[PDB]
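Listed next as structure tokens: two forms of one protein chain, kept apart as structure 1 and structure 2.
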Structure 1
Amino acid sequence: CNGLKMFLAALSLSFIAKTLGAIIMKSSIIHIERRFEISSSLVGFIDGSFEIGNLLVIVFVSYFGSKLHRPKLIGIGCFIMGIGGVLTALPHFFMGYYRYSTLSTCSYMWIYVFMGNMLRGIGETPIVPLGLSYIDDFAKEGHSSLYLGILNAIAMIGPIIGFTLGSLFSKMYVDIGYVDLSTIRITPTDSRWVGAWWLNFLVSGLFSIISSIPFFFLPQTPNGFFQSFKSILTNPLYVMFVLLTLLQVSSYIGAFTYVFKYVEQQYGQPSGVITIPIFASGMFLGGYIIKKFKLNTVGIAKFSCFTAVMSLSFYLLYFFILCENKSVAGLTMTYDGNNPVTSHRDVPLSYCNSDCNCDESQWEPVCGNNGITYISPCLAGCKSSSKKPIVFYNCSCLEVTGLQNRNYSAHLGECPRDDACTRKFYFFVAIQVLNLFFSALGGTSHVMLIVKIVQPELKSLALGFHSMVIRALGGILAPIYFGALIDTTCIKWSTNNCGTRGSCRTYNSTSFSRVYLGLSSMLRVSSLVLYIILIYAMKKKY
């Protein structure tokens, strides 16, 4: 080690700490929501507190931190992350004991957590611009993309530790170390269970303090705001690349948020041993292509454009592997088994289920032996049911030509589709593995191009403003508009106990497939068009 490799070790440890902090935030939210007895809007305000605290100070710390001692401010920010991690687990330590206490036949402690999220927002401020500028200003020429691939590979260790510690600490009770465990009457499958959410934030806070330790032992060298912000914003290639990476990252975010719901509606499977080493090998392979081939600035830009072309070339093959529409009574066709419907809004009742006085808004999916799913066992005509095996006898809403055996023997749940589109589901997950591998080969080039576009005195400000646009308009508003364009195609709306915004149970699978592939595909096509404009104007400039 020549000292600078110690900075890469400390930056790898800080990336492990920030990835761990994000997985611990996204993992233990239901224990906080059940423990503090707060509503959905309040716990969403807790969850958005981190984005508020990061987005408020990211541009000012990324501007003012580059002139100062950079790894000292990274250590100060990681210590602030550790203080927030201790402060998030701190409401467990002084509120006392936690207290918790269908046949279908025809209270103000959360502000602590809020402040901890704000502190953790400051804890994710100084790491990503400043030290990456410290990679580009002090490593040798061509070595920096290899270091970016190395730290993006080592930052995947953090979600693995986050999943393992989240599942292990959600296994036991919240009050372990204080009560006798034989007195607990509830299970982890019970609705009143609260896992040990504080152990997650305690390991996150102490690991952030140990990651804040070795930054203070590194040397500074191994051997106005408005005018500078105007000089960044009036650069046309930079703002074109920021709008480009905003469209591409927004396509990625709106893709992978709803892949498992697309699996549940289209291919019928409920919701990564191999996936995370594939992504880590993709990032390290892309860093090795940029390092080994001695690519210049427009070469890195054409390499990112070629990975975008390759990823979109397999992304457009999702349209040809669609399975059929599911057969549901009362949503896509009538209850009697004969006639389709024009629309799913306020369907008429049939003669078989007219005597059945159950709730039409109640959702409990069953299917018969004909392969047609029914939305409730009351509207399936089933009058008697058995128990660990599932059987609904004497169902009267399945009309055939006098078959005696085709009136009963129905189980619960969505029974799966034919075997023709299970192989198409395997094709979908194989092409998704290929698309995520080519997105990983895209990878470090988005970070690597920014420090070569802008001036060498303003690399950290450019990285901070790019982090503002990517984390702000991609991380927040893009799940909102993909959620709007996905939930506009619901077919069975759930009547919630409180009010509106209930999660719809099933979808119109071809229409939801069309809108979910279409918005992401048009966003990626417009992003690729902005790559072609960027290559043409960037070769014109160079």
Structure 2
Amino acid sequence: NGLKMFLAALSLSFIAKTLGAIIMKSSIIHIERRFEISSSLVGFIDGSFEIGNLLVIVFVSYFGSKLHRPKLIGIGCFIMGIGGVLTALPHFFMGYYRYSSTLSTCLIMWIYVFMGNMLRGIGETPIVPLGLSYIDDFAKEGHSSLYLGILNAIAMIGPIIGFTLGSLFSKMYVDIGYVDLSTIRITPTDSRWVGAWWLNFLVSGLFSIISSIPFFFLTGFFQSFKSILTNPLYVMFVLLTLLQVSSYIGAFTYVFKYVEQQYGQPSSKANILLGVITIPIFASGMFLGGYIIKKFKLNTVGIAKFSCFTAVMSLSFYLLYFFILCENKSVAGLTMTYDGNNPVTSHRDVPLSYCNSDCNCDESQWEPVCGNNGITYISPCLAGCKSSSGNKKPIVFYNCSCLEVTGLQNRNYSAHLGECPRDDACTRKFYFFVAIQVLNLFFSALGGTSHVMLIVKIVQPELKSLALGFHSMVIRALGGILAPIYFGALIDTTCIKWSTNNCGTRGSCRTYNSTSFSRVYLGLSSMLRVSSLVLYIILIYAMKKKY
């Protein structure tokens, strides 16, 4: 009952940590819009949490391992809360928020946010290295796995509360309470709407300050650091762990864009409902993964073989994506001739057609256009439609120049806005995609406890915190910040139309060749998986040869 009490407090701190993370990302757009700030400065401010975290994660790990640990964790949580409160003072010190079509037919105080994010990042560092090593040092024969599984399962209450109230706070006017809301002309659907972003940080800061009260009642550096980097098993494990986590990060970063470009679901069918059933599977997988290791009495090689088996069984489900793909969308003008007559070889420098010769409009324009013929037009002017239907339900343009078709003359040449959806087969395949995805997520969550349970076992009983700290540092550096950058750089090789911004020729992409997208995305993930898997198998051979 002395470890049980310490066990409760750490759960509260885990919840607070996750809440703070998801809060920060949720409030970034409003801050950019309220503060009148550049995009480079936004990329900078968002990166502060990393400058504070990566700078002191190793020193707190080593030097804090011989002081009072429960008190260090409480001090860290208090610093995190104080930093969370500091991010909301600009609102109280600045002033009031002063600021308060295109159919086109044929045409012939930021330092405060920075230094608060830095304080938060500096403050969360003592939770994982000093908490888990404390749990491992004082525990019975096999209960460390079960405890870590319960901990990782309980922590999912942070994202729930965050997503719940960050969406409720983003539908209030920013100056709520000081102004009377009856004279406000702006609505959440406008372009200048800023919500109450300062209210997201008060609740998180006070929660982090509250969750730290129970904790208050419960020359060698260099050789200790060199004695850890000459241990082969540790280096091999860290490497593969890195490869696998990089693969996961990239996949979860671009799955939502892949699903939209491949199958056609508009980020609301595939987004909201999915998570509601995707999170309990993760929680149950984590808890059961811990419970199995506890119940079956596994040693080091047993844990290694169990996690290798889970990795294999989760990689065998990943290679089924290559077999449920659809055909490529057809947009007249992009890859085919503007009159549908013939195919082309270059996405660039397609010539204008007879049906569209007279109507001189901006090619750079990208407005969804689809006629009853089934194909796609870049713009209502590029299709030749010289009529409208008013601001009613999407205005059906009519009597189109390039919508005319043989045998279609005896019909209604009228194109609705919005791309014509895919056939039924593509939906039927989307359902198989979702099923396989939840299966792979379950089988990859069943083995997430083994990393900590192995790093602790393959290292001297006194260098447990330093090892976990260096592991966390390397992973959060080379697999959380680099991972999205290279995947994104690689993916952009498959664009066929760019949104030419005022200065930058590439503001964003309109469409992407779906076949090459799937090729690059799934190939990178599969190659990384094999990479990490290989290292682990060899590692198992070395382990079995050692003991």
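Just so we're on the same page, residue numbers count up from 1 along structure 1's sequence. Rigid core (definition): largest C-alpha set, two forms, superposition within 1.5 Å.
K.L.:
Superposing the core, which one of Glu457, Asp137, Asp418, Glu399 shows a C-alpha shift reaching 2 Å or more between structure 1 and structure 2?
P.N.:
Once the cores are aligned, the residue moving by 2 Å or more is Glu399.
K.L.:
Determine, in Å, the CA shift of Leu519 between structure 1 and structure 2 after the rigid core is used for superposition.
P.N.:
Looking at the C-alpha of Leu519 between structure 1 and structure 2, the offset is 0.5 Å.
K.L.:
Give the rigid core superposed Cα shift of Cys367 between structure 1 and structure 2, in Å, rounded to one decimal.
P.N.:
A shift of 1.5 Å at the C-alpha.
K.L.:
After superposing on the rigid core, what is the C-alpha displacement of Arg501 between structure 1 and structure 2, in Å?
P.N.:
So the C-alpha of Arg501 has moved 4.5 Å between structure 1 and structure 2.
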